[PDB]
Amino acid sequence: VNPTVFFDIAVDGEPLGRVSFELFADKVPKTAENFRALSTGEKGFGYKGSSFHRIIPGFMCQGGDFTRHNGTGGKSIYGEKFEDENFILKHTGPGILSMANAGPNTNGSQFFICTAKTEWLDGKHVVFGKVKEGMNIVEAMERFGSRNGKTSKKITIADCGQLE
């Protein structure tokens, strides 16, 4: 009964492929619901159109700033920030979906997909989902990154929503 959402990824507007996620509403309900609703756009704002602005090979693909469009913004469905729900789930390997933040209790909309185990983030970033299908698309995205996260072409969420 955990929800599934899809991203259709684009490179300078051209379709790259689809990534789907299982959202762990069974263990992290409020954080999963934020990401779900941002993916559907049902609140009148969300991820559709926004970019993966920071992609560091061997670590993660980070996106979700639909308010400032530069890596510094984002907002949740509960307000600008919300607290860290729990740390039950850990950064166990590639495909983990976790919240970005600027310190404790600053979750908004930005998120990252791990491309490796990132265990030093355990207890500091809330894990709330995992890649279901399309890890090969995530690996393609990772190739557009660089040492300092700058991407060689514009990587966007051209479409997104809830699967079912």
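So that there is no doubt, residue numbering starts at 1 and follows the sequence shown.
If you average the Cα B factors in the entry, which is higher, 130-138 or 23-31?
Per the PDB entry, the higher value belongs to 23-31.
Looking at the deposited entry, does 119-127 or 106-114 carry the larger mean Cα B-factor?
Comparing 119-127 with 106-114, the higher average CA B-factor belongs to 119-127.
Name the residue from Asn101, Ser50, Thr40, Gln62 with the greatest C-alpha temperature factor listed in the entry.
If I rank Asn101, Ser50, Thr40, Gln62 by C-alpha B-factor, first place goes to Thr40.
Sorting by Cα B-factor within the chain, modelled residues only, which third would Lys75 end up in: lowest, middle or highest?
According to the entry, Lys75 has a C-alpha B-factor in the chain's middle third.
Lowest, middle or highest third: where is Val1 by Cα B-factor in its chain?
Its C-alpha B-factor, which the entry lists for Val1, ranks in the highest third among residues of this chain.
Can you tell me whether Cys160 has a C-alpha B-factor in the lowest, middle or highest third compared with the other modelled residues of the same chain?
It belongs to the middle third of the chain when residues are ordered by C-alpha B-factor.
Third of chain Cα B-factors occupied by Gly46
CA B-factor rank for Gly46: lowest third.
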